[PDB]
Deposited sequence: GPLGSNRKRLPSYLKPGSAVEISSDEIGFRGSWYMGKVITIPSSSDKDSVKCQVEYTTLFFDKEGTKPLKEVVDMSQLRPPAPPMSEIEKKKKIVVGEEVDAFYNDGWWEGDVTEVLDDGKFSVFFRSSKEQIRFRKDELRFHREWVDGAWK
């Protein structure tokens, strides 16, 4: 797997409860099936002296989400997005498009309902067998 090389940028996912629907940013540290990653945004300590490292499943990893027609495109009610929240990307569904150009996003998993600015949203992508979508 080309992207899984030590030093490579990856988005990390969890099967763990409370982390349903999130991609956090990170890099590979070692590959042996499980491998070791270092989060970019999470730390062991509240003081940020020690980047969080974990052993996860390759199933759980993926390349950095693909990157100007893409970002200028409008967001619609019903579009699947990731919202940047708690320092990672969480998938929810756009429930409302607001007058000031903000958006209300429903998170099916946590029953949360949160408003965001466009700069806080990216289009949701899926990574399937080496391909995006």
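Colleague: Tell me which segments of the deposited chain sequence are not represented by C-alpha atoms in this structure.
Modeller: No coordinates exist for the deposited residues in 1-10, 43-49, 85-86, so these stretches are absent from the model.
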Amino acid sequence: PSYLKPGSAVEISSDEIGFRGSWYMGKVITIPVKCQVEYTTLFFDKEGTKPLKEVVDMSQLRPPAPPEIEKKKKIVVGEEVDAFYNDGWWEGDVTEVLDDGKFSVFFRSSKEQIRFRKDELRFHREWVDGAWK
From here on, numbers count along this sequence of modelled residues.
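Colleague: Test of understanding: from the entry's C-alpha B-factors, which stretch has the higher mean, 93-101 or 77-85?
Modeller: Taking the mean B-factor of the alpha carbons in each, 93-101 is higher.
Colleague: Can you let me know which of the two, 104-112 or 48-56, has the higher average C-alpha B-factor in the entry?
Modeller: Per the PDB record, 48-56.
Colleague: State the tercile, meaning the lowest, middle or highest third, of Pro63 with respect to the CA B-factors recorded for its chain.
Modeller: It belongs to the middle third of the chain when residues are ordered by C-alpha B-factor.
Colleague: Name the third of the chain's ranked CA B-factors that contains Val28, choosing lowest, middle or highest.
Modeller: Middle third by C-alpha B-factor.
Colleague: Ranking every modelled residue in this chain by its Cα temperature factor as given in the entry, which third contains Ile69?
Modeller: Top third by C-alpha B-factor.
Colleague: Split into thirds by Cα B-factor across the chain's modelled residues, where does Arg20 land: lowest, middle or highest?
Modeller: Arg20: CA B-factor falls in the highest third of its chain.
Colleague: With respect to C-alpha B-factor, does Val37 fall in the lowest, middle or highest third of the chain as deposited?
Modeller: According to the entry, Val37 has a C-alpha B-factor in the chain's middle third.
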